[PDB]
Each structure stands twice: as structure tokens, then as C-alpha cells.
$ cat input-v6.cif   # mmCIF, C-alpha atoms
data_work
#
loop_
_atom_site.group_PDB
_atom_site.id
_atom_site.type_symbol
_atom_site.label_atom_id
_atom_site.label_comp_id
_atom_site.auth_asym_id
_atom_site.auth_seq_id
_atom_site.Cartn_x
_atom_site.Cartn_y
_atom_site.Cartn_z
ATOM 1 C CA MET O 1 36.548 -4.310 43.280
ATOM 2 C CA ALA O 2 34.479 -1.541 44.813
ATOM 3 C CA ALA O 3 31.993 1.025 43.629
ATOM 4 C CA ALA O 4 29.977 3.809 45.168
ATOM 5 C CA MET O 5 26.946 5.722 44.014
ATOM 6 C CA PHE O 6 26.071 7.394 47.286
ATOM 7 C CA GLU O 7 27.867 10.659 46.671
ATOM 8 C CA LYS O 8 25.105 12.374 48.603
ATOM 9 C CA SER O 9 25.003 12.104 52.363
ATOM 10 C CA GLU O 10 22.501 13.377 54.882
ATOM 11 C CA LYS O 11 22.757 13.817 58.609
ATOM 12 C CA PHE O 12 21.336 11.482 61.187
ATOM 13 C CA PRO O 13 18.372 12.507 63.303
ATOM 14 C CA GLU O 14 19.148 14.979 66.042
ATOM 15 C CA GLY O 15 18.581 14.181 69.661
ATOM 16 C CA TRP O 16 18.270 10.677 71.003
ATOM 17 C CA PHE O 17 17.228 8.057 68.493
ATOM 18 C CA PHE O 18 17.028 4.326 68.087
ATOM 19 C CA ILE O 19 18.524 2.431 65.172
ATOM 20 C CA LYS O 20 16.126 -0.404 64.572
ATOM 21 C CA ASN O 21 16.964 -3.187 62.181
ATOM 22 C CA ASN O 22 13.746 -3.699 60.237
ATOM 23 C CA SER O 23 14.459 -7.402 59.692
ATOM 24 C CA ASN O 24 14.582 -8.256 63.379
ATOM 25 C CA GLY O 25 12.721 -5.236 64.705
ATOM 26 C CA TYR O 26 15.529 -4.946 67.231
ATOM 27 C CA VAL O 27 17.691 -1.935 67.984
ATOM 28 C CA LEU O 28 21.455 -1.643 68.260
ATOM 29 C CA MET O 29 22.722 -2.318 71.734
ATOM 30 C CA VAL O 30 26.117 -3.247 73.112
ATOM 31 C CA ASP O 31 26.837 -6.990 73.336
ATOM 32 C CA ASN O 32 25.183 -7.334 76.725
ATOM 33 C CA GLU O 33 25.258 -4.345 79.079
ATOM 34 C CA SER O 34 29.009 -4.263 78.656
ATOM 35 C CA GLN O 35 30.553 -0.985 79.637
ATOM 36 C CA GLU O 36 33.926 -2.450 78.791
ATOM 37 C CA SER O 37 35.483 -1.157 75.601
ATOM 38 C CA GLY O 38 36.013 -3.612 72.770
ATOM 39 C CA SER O 39 32.572 -5.098 73.234
ATOM 40 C CA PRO O 40 30.820 -5.970 70.010
ATOM 41 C CA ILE O 41 27.638 -4.228 68.978
ATOM 42 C CA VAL O 42 24.608 -6.521 68.819
ATOM 43 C CA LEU O 43 20.879 -6.228 68.260
ATOM 44 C CA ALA O 44 18.455 -6.457 71.135
ATOM 45 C CA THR O 45 14.725 -5.932 71.528
ATOM 46 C CA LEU O 46 13.636 -2.525 72.699
ATOM 47 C CA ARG O 47 13.707 -2.172 76.453
ATOM 48 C CA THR O 48 10.999 -0.332 78.311
ATOM 49 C CA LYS O 49 13.652 0.803 80.731
ATOM 50 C CA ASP O 50 17.441 1.007 80.769
ATOM 51 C CA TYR O 51 17.317 1.658 77.043
ATOM 52 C CA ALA O 52 20.096 4.224 77.358
ATOM 53 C CA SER O 53 22.428 1.608 75.925
ATOM 54 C CA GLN O 54 20.054 1.452 72.993
ATOM 55 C CA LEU O 55 20.214 5.209 72.634
ATOM 56 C CA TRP O 56 22.636 6.618 70.156
ATOM 57 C CA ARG O 57 23.351 10.233 69.345
ATOM 58 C CA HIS O 58 24.864 11.864 66.322
ATOM 59 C CA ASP O 59 27.765 14.093 67.236
ATOM 60 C CA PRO O 60 28.573 17.042 65.007
ATOM 61 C CA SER O 61 31.824 15.352 64.112
ATOM 62 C CA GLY O 62 29.709 12.869 62.184
ATOM 63 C CA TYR O 63 29.982 9.977 64.623
ATOM 64 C CA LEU O 64 27.312 8.051 66.512
ATOM 65 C CA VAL O 65 27.937 7.812 70.223
ATOM 66 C CA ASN O 66 26.220 5.427 72.589
ATOM 67 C CA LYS O 67 24.453 7.424 75.282
ATOM 68 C CA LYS O 68 25.251 4.954 78.042
ATOM 69 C CA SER O 69 28.688 3.774 77.034
ATOM 70 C CA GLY O 70 29.669 7.185 75.771
ATOM 71 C CA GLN O 71 31.671 5.123 73.351
ATOM 72 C CA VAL O 72 31.397 5.287 69.601
ATOM 73 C CA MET O 73 30.891 2.557 67.049
ATOM 74 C CA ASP O 74 34.196 1.516 65.575
ATOM 75 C CA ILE O 75 35.864 -1.325 63.747
ATOM 76 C CA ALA O 76 37.354 -4.129 65.784
ATOM 77 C CA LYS O 77 40.245 -4.498 63.374
ATOM 78 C CA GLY O 78 40.613 -0.764 63.131
ATOM 79 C CA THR O 79 40.969 -1.474 59.452
ATOM 80 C CA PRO O 80 37.837 -1.295 57.354
ATOM 81 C CA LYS O 81 37.268 -4.570 55.594
ATOM 82 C CA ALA O 82 34.260 -6.287 54.212
ATOM 83 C CA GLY O 83 32.725 -8.462 56.878
ATOM 84 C CA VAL O 84 34.689 -6.618 59.567
ATOM 85 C CA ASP O 85 33.014 -6.698 62.981
ATOM 86 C CA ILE O 86 31.869 -3.523 64.701
ATOM 87 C CA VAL O 87 32.763 -2.979 68.333
ATOM 88 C CA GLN O 88 32.483 0.017 70.636
ATOM 89 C CA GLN O 89 35.681 1.973 71.176
ATOM 90 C CA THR O 90 36.829 5.222 72.750
ATOM 91 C CA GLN O 91 35.990 8.369 70.824
ATOM 92 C CA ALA O 92 38.707 9.829 68.646
ATOM 93 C CA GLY O 93 40.454 12.971 69.784
ATOM 94 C CA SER O 94 40.750 16.201 67.852
ATOM 95 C CA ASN O 95 43.958 14.868 66.346
ATOM 96 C CA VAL O 96 41.901 12.849 63.910
ATOM 97 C CA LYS O 97 40.399 14.544 60.915
ATOM 98 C CA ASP O 98 36.716 13.783 60.525
ATOM 99 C CA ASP O 99 37.528 12.827 56.945
ATOM 100 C CA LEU O 100 40.198 10.485 58.187
ATOM 101 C CA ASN O 101 37.972 9.090 60.860
ATOM 102 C CA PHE O 102 36.318 5.746 60.349
ATOM 103 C CA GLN O 103 33.776 6.580 63.034
ATOM 104 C CA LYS O 104 32.214 8.970 60.536
ATOM 105 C CA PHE O 105 29.078 7.505 58.991
ATOM 106 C CA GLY O 106 26.871 8.753 56.185
ATOM 107 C CA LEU O 107 23.122 8.417 55.931
ATOM 108 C CA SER O 108 21.190 8.323 52.683
ATOM 109 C CA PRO O 109 17.586 9.450 52.413
ATOM 110 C CA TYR O 110 16.674 5.831 51.810
ATOM 111 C CA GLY O 111 17.698 5.162 55.405
ATOM 112 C CA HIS O 112 20.780 3.204 54.410
ATOM 113 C CA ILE O 113 23.742 3.712 56.693
ATOM 114 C CA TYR O 114 27.155 3.579 55.081
ATOM 115 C CA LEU O 115 30.610 4.840 55.827
ATOM 116 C CA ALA O 116 31.341 8.355 54.707
ATOM 117 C CA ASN O 117 34.696 7.169 53.388
ATOM 118 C CA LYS O 118 33.562 3.747 52.219
ATOM 119 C CA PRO O 119 30.096 4.015 50.789
ATOM 120 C CA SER O 120 30.375 0.449 49.606
ATOM 121 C CA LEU O 121 30.411 -0.670 53.219
ATOM 122 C CA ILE O 122 27.140 -0.508 55.082
ATOM 123 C CA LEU O 123 25.830 -1.772 58.374
ATOM 124 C CA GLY O 124 24.276 -5.202 58.207
ATOM 125 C CA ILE O 125 23.797 -8.352 60.234
ATOM 126 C CA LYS O 126 24.519 -12.003 59.632
ATOM 127 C CA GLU O 127 22.342 -14.925 60.595
ATOM 128 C CA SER O 128 23.482 -17.115 63.455
ATOM 129 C CA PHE O 129 23.779 -20.889 63.427
ATOM 130 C CA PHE O 130 21.007 -21.094 65.992
ATOM 131 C CA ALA O 131 19.459 -18.042 64.373
ATOM 132 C CA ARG O 132 19.470 -16.258 67.705
ATOM 133 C CA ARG O 133 17.968 -12.866 66.937
ATOM 134 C CA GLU O 134 18.812 -11.748 70.442
ATOM 135 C CA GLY O 135 22.455 -11.059 70.021
ATOM 136 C CA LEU O 136 22.774 -10.654 66.260
ATOM 137 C CA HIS O 137 25.890 -8.586 65.800
ATOM 138 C CA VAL O 138 26.291 -5.812 63.316
ATOM 139 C CA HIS O 139 29.161 -5.879 60.914
ATOM 140 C CA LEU O 140 30.208 -4.009 57.828
ATOM 141 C CA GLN O 141 28.699 -5.606 54.791
ATOM 142 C CA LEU O 142 29.125 -4.499 51.224
ATOM 143 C CA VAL O 143 26.063 -3.047 49.554
ATOM 144 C CA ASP O 144 23.889 -5.601 47.842
ATOM 145 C CA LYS O 145 22.196 -3.431 45.254
ATOM 146 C CA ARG O 146 21.037 -6.669 43.691
ATOM 147 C CA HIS O 147 18.722 -7.076 46.658
ATOM 148 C CA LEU O 148 17.663 -3.787 48.184
ATOM 149 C CA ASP O 149 14.242 -5.196 48.993
ATOM 150 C CA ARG O 150 15.695 -7.031 51.949
ATOM 151 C CA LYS O 151 14.590 -5.863 55.362
ATOM 152 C CA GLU O 152 18.111 -6.678 56.461
ATOM 153 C CA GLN O 153 19.374 -3.998 54.117
ATOM 154 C CA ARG O 154 16.776 -1.599 55.489
ATOM 155 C CA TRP O 155 17.143 0.338 58.714
ATOM 156 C CA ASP O 156 14.387 2.133 60.551
ATOM 157 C CA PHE O 157 14.895 5.079 62.850
ATOM 158 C CA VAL O 158 12.674 5.621 65.832
ATOM 159 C CA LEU O 159 12.567 8.566 68.175
ATOM 160 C CA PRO O 160 11.777 8.359 71.861
ATOM 161 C CA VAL O 161 8.326 9.128 73.211
ATOM 162 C CA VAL O 162 6.256 8.122 70.214
#

$ encode --input "input-v6.cif" --output "C-alpha cells"
Amino acid sequence: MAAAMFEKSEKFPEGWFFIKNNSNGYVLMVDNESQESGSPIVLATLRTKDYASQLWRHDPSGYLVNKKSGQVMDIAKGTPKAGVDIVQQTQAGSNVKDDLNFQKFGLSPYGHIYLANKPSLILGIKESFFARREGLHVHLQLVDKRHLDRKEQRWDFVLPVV
């Protein structure tokens, strides 16, 4: 029912960086300037200013923390499932092993972002009924190796001050 071929994992770019979904050309942002925890993560166009919420950093623990929220990407259910929504939650303490943490993500050289514990689950987006690109939420989607030529399955990383 599941398979993984991404035994290799690389680290995410150091410093501040933007995770841009190539399909929409938008970068991960909280739902809508929500500093409240439990807010879903959605895609938004790059902002000339106040893009701190669009800035993410890779902590040594292996988690990505939002610069503005200071919160880390996490599962809404808290249980990793296919199609599970991703919401921002408080960072885990030191009482959680990094290998038992779901906030740990792995990055392949291809630029695909998957879970370090569930390589079959990767970050993806789903179309909306009104196809509103401004607000497309990210959710865990199983790898679609059948179609890796999709821009939706491709993520681009951008660094500040190009």
C-alpha cells in the first residue's frame, strides 16, 4: 500500500528561503496573515514587503519554521495520512525524537519535498472549485511517480535578494 525509493535525503537551503510552487509560481504562506496556531498553510504570490510570513527556515532538527509565525509546518490531524491537511503548529520540544517527529522533512536533489519518515508522502496542492490560486492550500499527497513532469509535483526554491 506504500513504497519508497527516496532513501537518500539532503538538507534544505540554509538561511532564509522561499518555497515556491512551480505550478502556481506562488510561495508558501500561512492562510492569511494568521498568527493564530492551527491555521492552514496556503500559497500566496510573493510579497514585495511583509514577506516574513513567506520566509521559512530549516532548523537543525530537520524542521521548517516560519520566520514570522515562528511556528512549524505540521499535520492538522497530527496523524500522517494521505490527503491530510498541513497547518502551522507549535514547535516540538526536546522530548520528541527528531526521528519520531513528523515535522521532520526530507529534501531530494530533484527538489521534491517529502517526509523523512514517510517518503511516500510529499507536499502538494489541490485545485479549488473556483480554481482560486490565491489560497491554494498545501496538503500531503502521495508521490505520483507516474507523472513527475507535473509542475505541481515540482517545487522551486528561491533565496532572498536575487

$ residues_around --input "input-v6.cif" --residues "range 137-142 of chain O" --least-positions-apart "3" --cutoff "6 Å" --atoms "only C-alpha atoms" --output "ChimeraX atom specification"
/O:41-42,82-86,120-125

$ resolve_selection --input "input-v6.cif" --expression "the PyMOL selection byres ((chain O and resi 65-68) around 6)" --output "ChimeraX atom specification"
/O:52-53,55-57,64,69-72

$ closest_residue --input "input-v6.cif" --among "O:162, O:30, O:4, O:43" --to "residue 136 in chain O" --atoms "only C-alpha atoms"
O:43

$ residues_near_point --input "input-v6.cif" --point "(19.4, 6.0, 67.4)" --cutoff "8 Å" --atoms "only C-alpha atoms" --output "list in words"
residues 13, 16, 17, 18, 19, 20, 28, 54, 55, 56, 57, 157, 158 and 159 of chain O

$ closest_residue --input "input-v6.cif" --among "O:61, O:91, O:24, O:117" --to "residue 74 in chain O" --atoms "all atoms listed in the file"
O:91

$ closest_residue --input "input-v6.cif" --among "O:90, O:128, O:22, O:95" --to "residue 38 in chain O" --atoms "all atoms listed in the file"
O:90

$ atom_distance --input "input-v6.cif" --atom1 "CA of residue 21 in chain O" --atom2 "CA of residue 92 in chain O"
26.2 Å

$ atom_distance --input "input-v6.cif" --atom1 "CA of residue 46 in chain O" --atom2 "CA of residue 25 in chain O"
8.5 Å
